[PDB]
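Report on the following structure.
Values quoted throughout were computed directly from the atomic coordinates according to the rules given, and no laboratory measurement underlies them. Virtual Cβ from ideal backbone geometry, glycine too; neighbours counted across all protein chains shown.
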Amino acid sequence: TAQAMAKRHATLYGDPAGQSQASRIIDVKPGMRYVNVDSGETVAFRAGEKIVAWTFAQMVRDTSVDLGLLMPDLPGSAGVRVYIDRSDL
Amino acid sequence: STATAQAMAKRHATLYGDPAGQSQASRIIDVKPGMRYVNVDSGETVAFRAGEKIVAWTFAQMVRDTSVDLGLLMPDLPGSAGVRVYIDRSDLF
Ligand SMILES: [Cl-]
Ligand SMILES: [Cl-]
Ligand SMILES: [Cl-]
Ligand SMILES: [Cl-]
Ligand SMILES: [Cl-]
Ligand SMILES: [Cl-]
Ligand SMILES: [Cl-]
Ligand SMILES: [Cl-]
Ligand SMILES: [Cl-]
Ligand SMILES: [Cl-]
Ligand SMILES: [Cu+2]
Ligand SMILES: [Cu+2]
Ligand SMILES: [Cu+2]
Ligand SMILES: [Mg+2]
């Protein structure tokens, strides 16, 4: 599937995480434009009662990705940009 | 004493950037009860919203990652105190 391809591309940016492990919850709202996350940060993203969390990978350069690539089932995710900061490692 | 503390808070905030207009901000962050931190870049201009009150800031260029309490930057934005802004290091160094 195209979903399998997308899942593979999303892996470049980290891995799904349990919600319990996030250090903050970001509410995904209409028109928010973007968020900023660090390499290694675990962030939960919430739309109503749905919550999906993610641990970002160690990026070799500052990069960005569409939240809808990482969490297509989260309402409102598509079009929100995630800027991920380069790893200090 | 409240007046003097207000004056030192403004000095402290000036170490972290400058007041900005909302028309130059690249995003508006809603400040909701319970919020603990947000991440901004050195140099980013961000507007912060509580209800329909919006206050914007341009973050300084920091030599290393640092944080500041948003309530010291914008004491008149209700709910700002206790939200910590994490400011990533500048690429200008
Ligand atoms: Cl948006
Ligand atoms: Cl953020
Ligand atoms: Cl859920
Ligand atoms: Cl990378
Ligand atoms: Cl970079
Ligand atoms: Cl998802
Ligand atoms: Cl926005
Ligand atoms: Cl640093
Ligand atoms: Cl502080
Ligand atoms: Cl203020
Ligand atoms: Cu590809
Ligand atoms: Cu950085
Ligand atoms: Cu100070
Ligand atoms: Mg950084």
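Of everything in region A:48-89, what is under 13 Å from the mean Cα position of the chain (by Cα), away from ligand 12 (no atom under 16 Å from the Cβ) and in a strand (DSSP E or B)? Give them in sequence order.
Within region A:48-89, A:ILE51, A:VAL52, A:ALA53, A:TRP54, A:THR55, A:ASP66 qualify.
Those residues that are within 16 Å of ligand 2 (Cβ to nearest atom), of a type in the set (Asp, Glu) and either within 14 Å of chain B (Cβ to nearest Cβ) or closer than 17 Å to B:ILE87 by Cα (or both), I need them from region A:63-89; list them, please.
Residue satisfying the conditions is A:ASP85 alone.
Restricting attention to region B:1-33, report how many residues are part of a loop (DSSP other than H, G, I, E, B), over 21 Å from B:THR66 (Cα atoms) and within 14 Å of another protein chain (Cβ to nearest Cβ). So that I can check it myself, show each step before the final result.
The first filter runs over region B:1-33 and keeps only residues part of a loop (DSSP other than H, G, I, E, B), leaving B:1, B:15-16, B:21, B:25-27, B:31-33.
Checking which are over 21 Å from B:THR66 (Cα atoms) leaves us with B:1, B:21, B:32-33.
Now drop any that are not within 14 Å of another protein chain (Cβ to nearest Cβ), which leaves B:32-33.
Going through region B:1-33 one residue at a time, the tally reaches 2.
I need the full set of residues from region B:35-47 which are among the aliphatic types (A, V, I, L, M) and in a strand (DSSP E or B), in order please. Give the steps one after another, and end with the answer.
Pass one, region B:35-47, residues among the aliphatic types (A, V, I, L, M): B:35, B:38, B:40, B:46-47.
Of everything in region B:35-47, those that are among the aliphatic types (A, V, I, L, M) and in a strand (DSSP E or B) turn out to be B:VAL38, B:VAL40, B:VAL46, B:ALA47.
Any idea which residue in region A:34-50 is nearest to the other protein chains (Cβ to nearest Cβ), counting only those that are within 16 Å of ligand 5 (Cβ to nearest atom) and more than 20 Å from A:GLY79 (Cβ to Cβ)? Steps first, please.
Residues of region A:34-50 that are within 16 Å of ligand 5 (Cβ to nearest atom), as a first pass: A:36-40.
With the extra rule that they be more than 20 Å from A:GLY79 (Cβ to Cβ), the set shrinks to A:38-40.
Details: A:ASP38: 7, A:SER39: 11, A:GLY40: 12 Å.
Applying the filter and picking the extreme gives A:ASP38.
Can you tell me which of A:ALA53, A:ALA4 is free of Cβ contacts under 8 Å to residues at least 12 places away in the same chain and either more than 16 Å from ligand 5 (Cβ to nearest atom) or of a type in the set (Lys, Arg) (or both)? Quick ask: steps written out before the conclusion?
Values: A:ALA53 fails: free of Cβ contacts under 8 Å to residues at least 12 places away in the same chain.
The conditions single out A:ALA4.
Suppose the filter is away from ligand 10 (no atom under 16 Å from the Cβ) and either within 14 Å of chain A (Cβ to nearest Cβ) or surrounded by 14 or more Cβ atoms within 10 Å (Cβ to Cβ) (or both); does B:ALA60 pass it? Walk me through it before giving the result.
Working: away from ligand 10 (no atom under 16 Å from the Cβ): yes; either within 14 Å of chain A (Cβ to nearest Cβ) or surrounded by 14 or more Cβ atoms within 10 Å (Cβ to Cβ) (or both): yes.
Spelling it out, B:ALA60 is indeed away from ligand 10 (no atom under 16 Å from the Cβ) and either within 14 Å of chain A (Cβ to nearest Cβ) or surrounded by 14 or more Cβ atoms within 10 Å (Cβ to Cβ) (or both).
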